[PDB]
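Only the coordinates and a few stated rules stand behind these numbers; no lab work does. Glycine also receives a Cβ, built like all others from the backbone with ideal geometry; neighbour counts cover every protein chain displayed.
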Amino acid sequence: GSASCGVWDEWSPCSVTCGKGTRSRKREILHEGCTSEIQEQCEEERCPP
């Protein structure tokens, strides 16, 4: 069948530390044919003008 190939670790800081950018994390993949790093839009606040 198929599986998650592991689970993720703790997140990293955002690229702008304000909300209009992205954050990332790494993991210990169970097999060589799986994604080991990802990104998403962060949850920070109060960006500059």
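Kindly provide the trypsin sites (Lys or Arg not before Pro) of the chain that DSSP labels as loop, not H, G, I, E or B, and whose Cβ sees at most 16 other Cβ atoms within 10 Å. Don't jump to the answer; show the numbers that get you there.
On the way: sites: 20, 23, 25, 26, 27, 46; in loops: 20, 27, 46.
For trypsin sites (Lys or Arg not before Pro) across the chain that sit outside H, G, I, E and B with at most 16 neighbouring Cβ atoms in 10 Å, the list reads 20, 27, 46.
Dividing the Cα convex hull volume of the chain by residue count, how many Å³ per residue is that? Intermediate results must be reported in sequence, preceding the final value.
Values: hull volume 3.7 nm³, N = 49.
That works out to 76 Å³ per residue.
Roughly how big is the chain's charge dipole about its Cα centre, with Cβ charges of +1 (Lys, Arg) and -1 (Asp, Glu), in debye to the nearest 20? Before the final figure, lay out the partial values.
Numbers: 6 positive and 9 negative charges, 30 e Å.
Here the chain has a charge dipole of around 140 debye.
Loop-only check: which GluC sites (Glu not before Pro) in segment 4-49 are DSSP coil with at most 16 other Cβ within 10 angstrom? If you can, show how the numbers build up before the last one.
On the way: sites: 10, 28, 32, 37, 40, 43, 44, 45; in loops: 10, 28, 32, 43, 44, 45.
Passing both the DSSP loop test and the Cβ count: 10, 28, 32, 43, 44, 45.
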- Message: Using +1 at the C-beta of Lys and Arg and -1 at the C-beta of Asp and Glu, which of 1, 47, 36 has the Cα lying farthest in the positive direction of the dipole of the chain?
- Response: 47
- Under 17 Å from a label point 7 Å along Cα→Cβ of residue 24: give me every residue in segment 33-49 with its amide N that close. 35-43
